[PDB]
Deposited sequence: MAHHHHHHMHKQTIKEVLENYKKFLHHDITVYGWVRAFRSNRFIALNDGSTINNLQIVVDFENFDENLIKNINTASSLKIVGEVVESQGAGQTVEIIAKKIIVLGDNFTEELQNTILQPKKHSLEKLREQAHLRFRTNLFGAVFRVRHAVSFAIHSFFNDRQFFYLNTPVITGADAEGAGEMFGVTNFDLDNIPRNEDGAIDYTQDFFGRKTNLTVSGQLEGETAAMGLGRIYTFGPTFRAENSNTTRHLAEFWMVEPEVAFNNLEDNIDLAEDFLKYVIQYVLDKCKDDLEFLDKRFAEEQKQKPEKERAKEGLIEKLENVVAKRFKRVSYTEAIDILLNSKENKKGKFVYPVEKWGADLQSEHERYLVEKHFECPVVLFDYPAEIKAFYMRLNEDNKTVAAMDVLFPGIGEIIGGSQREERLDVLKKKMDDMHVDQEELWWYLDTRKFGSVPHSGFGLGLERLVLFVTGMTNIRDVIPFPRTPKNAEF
């Protein structure tokens, strides 16, 4: 027997008019002893079940409560579509006394309470929408790269290479040691010290030279003691790498990618986005007007798709910021530093939301504040970096054209004290038909924040990992 979801029933009911069908779900509400609002997660929308209590046992009706699980057989009718229940089966326990202690209680719950009951928040209107939209973002990403001849590469998570989490098989109460008295990592599981990776990029470059176009889509980890509304210790990164792309090609790719994925969500998530759009707008009204966003959620997404990204050099951005009235008359919370420093989130957001009123790609950053692998530009002062800036979230993509010249790369590694012998294999990629090549990394959670209108990064991943929080 093949089962149909509530989404299918709401979409195909005209075929079933006056037929008996079978549906399964949880009670959102059972009102006036007559109307069940039933949900199964396939859609934000509920299916109405009409219940004539005189045709059912009194003990059964009393067991229809908020969050109860039901199997229902009944006739498809129009009020619009609803089921006239003929049989109702309770599918499992519902300890209604304890429901008051959960976020399943039908009342407003704070976001941090929902966060506190992350194992249960999937059953709310809000997070059904958020996580169905997160699915659509993910599948849009795989579809975009699949259709343009990229190959999904599962780069390693455990690495022997930002502060990193150690990964060990040692009993921490019984660590083996060598002659000198140091920890003997030759006795750890991998015969060397290991950590969780911060990025699969270096492995992606090795594969780009055999497969042309690759992307990763996997977890990455940062051990910075950072407790902020936008930082996770465990998060998912999407990192394409393309042989024969230069920096300009890399920016084109990033722009095409973001616009495609956002349009996909606009196409495929209309009901969920409408809810999230209403939620965002009500959220805005509680704010003071100076903190209110100029655009609604869907409006913002449509205009990101429509607007060509502004491409601005690092050097031009610094000058704009230095000479802004906000810097000169002390309106920025953080001072604008001279050429050579990295930009503050406040100044990035200024550029996007106020100065340009448009997504901005910044590029050609001072070499000393960027990673060793970034290609050194002819000016011998900047590297071929790029950062894509979105309103509200700030940076949404970072990447660069890579340094494909062996001699130049070795000098950049020496300059930033990167061990060449431990990366012997990465240097090999510059020895045998080295190619100009470029990639970038997308923080998947940051993109989900952007398309769902949510503000806290803990509310766009199922079970967030942050300082002192690793529950569930």
Where does the model have holes with respect to the deposited sequence?
1-8, 88-92, 175-179
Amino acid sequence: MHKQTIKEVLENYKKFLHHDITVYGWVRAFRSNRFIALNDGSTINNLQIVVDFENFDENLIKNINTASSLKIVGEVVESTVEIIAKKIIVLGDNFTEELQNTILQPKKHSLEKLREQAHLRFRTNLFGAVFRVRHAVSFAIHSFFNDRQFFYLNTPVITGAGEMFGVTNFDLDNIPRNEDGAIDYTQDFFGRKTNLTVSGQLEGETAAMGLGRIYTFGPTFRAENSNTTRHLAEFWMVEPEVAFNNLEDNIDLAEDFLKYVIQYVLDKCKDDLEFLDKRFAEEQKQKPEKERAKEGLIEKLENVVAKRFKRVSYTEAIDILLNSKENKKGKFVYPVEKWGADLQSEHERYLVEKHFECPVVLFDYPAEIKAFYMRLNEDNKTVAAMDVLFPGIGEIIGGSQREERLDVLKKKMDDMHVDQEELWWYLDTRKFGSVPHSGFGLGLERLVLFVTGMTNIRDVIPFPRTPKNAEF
From here on, numbers count along this sequence of modelled residues.
Between 370-378 and 175-183, which has the larger average Cα B-factor in the PDB entry?
175-183
Which of 144-152 and 379-387 has higher mean CA B factor, as the PDB entry lists it:
379-387
Selection by C-alpha B-factor (highest) of 106, 359, 212, 200:
106
Looking at 94, 168, 159, 79, which has the highest Cα B-factor in the entry?
79
So, residue 309's CA B-factor, relative to its chain, sits in which third? The middle
Report the third (lowest, middle or highest) to which the CA temperature factor of residue 456 belongs, ranking only the modelled residues of the same chain.
middle
Would you mind ranking residue 234 by its C-alpha B-factor against the rest of the chain and naming the third, lowest, middle or highest?
lowest
Assigned third (lowest, middle, highest) for the C-alpha B factor of residue 288
highest
When the modelled residues of the chain are sorted by Cα temperature factor, does residue 468 land in the lowest, middle or highest third?
middle
